[PDB]
Amino acid sequence: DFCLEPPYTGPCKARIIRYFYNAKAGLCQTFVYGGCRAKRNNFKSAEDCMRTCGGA
């Protein structure tokens with residue numbers, strides 16, 4: 001799953017911030033994206049982030 005899982009920023013993440021849903025916070029917080037790591041749990045828009053991960 002890619003809704004309640006934490007970001008995989010690791011030791012690689014340039015100057016391109018994105019969004020991820022923090023199941024403990026209640027919304028999709030802004031975090032950067034990397035070209036060296038890059039995984040599935042990553043959303044560019046908060047709308048598609050909460051809609052694809054959550055829904056309500």
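Per the deposited record, the coordinates in this entry were obtained by solution NMR.

The chain appears in the PDB entry as BOVINE PANCREATIC TRYPSIN INHIBITOR from Bos taurus. Its PDB record names the entry "Solution structure of a truncated bovine pancreatic trypsin inhibitor, 3-58 BPTI". Per UniProt, the chain has the following entry under Function: "Inhibits trypsin, kallikrein, chymotrypsin, and plasmin." In its Subcellular location section, the UniProt record describing the chain reads: "Secreted".

Caption draft 1: Fine view of the packing of aromatic side chains. A full pass over the atoms with the stated rule returns two aromatic pairs. Centre to centre, the rings of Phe2 and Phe43 are 5.7 Å apart; their planes meet at 65°, and the pair counts as edge-to-face. In this pair, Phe2 sits in the segment before strand 1 (17–21) while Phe43 sits in the loop between strand 2 (28–32) and helix 1 (46–53), placing the two residues 41 residues apart along the sequence. Classification of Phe43 as buried rests on a relative accessible area of 11%. For the ring pair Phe20 and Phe31, a centre distance of 5.2 Å and an interplane angle of 85° mean the geometry is edge-to-face. With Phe20 in strand 1 and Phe31 in strand 2, this residue pair connects regions lying 11 residues apart in the sequence. Across the pair, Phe31 and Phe20 agree in class, each one buried.

Caption draft 2: Layout of the nonpolar core. Ranked by size, the top nonpolar core spans six residues in total: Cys3, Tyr21, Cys28, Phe43, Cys49 and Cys53. In this structure, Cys28 is in contact with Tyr19, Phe20, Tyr21, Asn22, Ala46, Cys49 and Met50, ignoring residues within four places of it in sequence.

Caption draft 3: Just the state of the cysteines, in detail. Summed over all chains, the structure comprises three disulfides. Between the sulfur atoms of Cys12 and its disulfide partner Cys36 the distance amounts to 2.0 Å. Between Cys12 and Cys36, the disulfide has an S-S torsion of -80° and is therefore left-handed. Of this pair, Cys12 sits in the segment before strand 1 while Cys36 is found in the loop between strand 2 and helix 1, placing the two residues 24 residues apart along the sequence. Residue class for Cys36 comes out exposed when judged on its relative accessible area of 55%. Note on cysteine connectivity: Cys28 is disulfide-linked to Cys49, with sulfurs 2.0 Å apart. Between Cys28 and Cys49, the S-S torsion sits near -90°, and that sign places the bridge as left-handed. Within this pair, whereas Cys28 is found in strand 2, its partner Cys49 is found in helix 1, the two being separated by 21 residues in sequence.

Procedures and definitions
Residues numbered from 1 in each chain as written, not as in the entry; some residues may be left out. Heavy atoms only, no water. UniProt positions renumbered as here; feature names shortened; annotations may be inferred. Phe/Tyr/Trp six-rings, centres within 6.5 Å; stacked < 30°, edge-to-face > 60°. Helix = DSSP H or I, 4+ residues; strand = E, 2+ residues; numbered from the N terminus. Buried < 20%, exposed > 50% of the residue type's maximum accessible area, 1.4 Å probe, protein only. Core = buried A, V, L, I, M, F, W, Y, C linked by side-chain atoms within 4.5 Å. Contact = heavy atoms within 4.5 Å. Disulfide = S-S within 2.5 Å.

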